[PDB]
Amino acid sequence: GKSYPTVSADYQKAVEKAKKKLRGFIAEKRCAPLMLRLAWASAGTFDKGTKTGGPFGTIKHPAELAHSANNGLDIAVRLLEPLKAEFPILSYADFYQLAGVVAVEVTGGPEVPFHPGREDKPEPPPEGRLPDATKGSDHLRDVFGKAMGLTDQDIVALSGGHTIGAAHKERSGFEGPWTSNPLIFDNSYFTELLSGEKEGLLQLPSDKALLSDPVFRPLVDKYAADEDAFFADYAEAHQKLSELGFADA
């Protein structure tokens, strides 16, 4: 359903150069997870019915950073500002999504296709669209399905993003990494989810909800057994997420 906009040769040169610079920066700074979170929080506010929110640069706005779900993302925005300044031609919208794509790549994840052309929109969406970590399958479908317009498969695959990073008690209140290798992008999230609670490792109620849902569970099983399958489905889902409301959604 996508019709991507034309951008100038200079714009595409900048995308390519920014991609390289983001790789070096994100790797050096060890901030891939935070950058993936930033891209996800930018995109996850999309409401299909109204065509509001989504990956349009609004996360840099103090008002959106102030959303409780976005605690700590001001760090991400600040970290990227010097780099972004080297690429004045790029939208913040594109830049943040590019950072998310690079975050997955540099941690060993699939190469998520990237298309430029998102415009920076003036108004952040209303607070409260990002999912609540204490809720379950019904809530996930409301947020990802009814609002964003993503599939059940996309929900499980994208939850796999927690294969990198950690929660922080000063941000969400939850604490610690989901995996033994929080800077490595692999299918370990699903492996850990299946094996039960292991000390030192996090499972949110929202993660656990995948285990009991009739549709989500076989996908968890699939991804734990087949990392290639996870990578394919993850790449598809991340692309869709990064393009919500963009070039038709």
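Numbering starts at 1 and runs along the sequence shown.
Participant: Looking only at CA atoms, which has the higher mean B factor in the entry: 195-203 or 44-52?
Facilitator: Comparing 195-203 with 44-52, the higher average CA B-factor belongs to 195-203.
Participant: For the higher mean C-alpha B factor in the entry, choose 69-77 or 151-159.
Facilitator: It is 69-77.
Participant: Name the one of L183, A39, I26, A63 with the greatest CA B-factor according to the PDB entry.
Facilitator: So the option with the highest C-alpha B-factor is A63.
Participant: Highest Cα B-factor in the deposition, which of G165, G108, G136, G100?
Facilitator: So the option with the highest C-alpha B-factor is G136.
Participant: Which third of the chain holds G57 when residues are ordered by C-alpha B factor: lowest, middle or highest?
Facilitator: It belongs to the middle third of the chain when residues are ordered by C-alpha B-factor.
Participant: Please place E16 in the lowest, middle or highest third of its chain by C-alpha B factor as given in the entry.
Facilitator: Its C-alpha B-factor, which the entry lists for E16, ranks in the lowest third among residues of this chain.
Participant: Taking the entry's C-alpha B-factors for this chain, is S8 in the lowest, middle or highest third?
Facilitator: Middle third - that is where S8 ends up once the chain's C-alpha B-factors are sorted.
Participant: Could you place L211 in the lowest, middle or highest third of its chain by Cα temperature factor, using the values in the record?
Facilitator: Its C-alpha B-factor belongs to the highest third of this chain's values.
Participant: C-alpha B factor of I89, ranked within the chain: lowest, middle or highest third?
Facilitator: Its C-alpha B-factor belongs to the lowest third of this chain's values.
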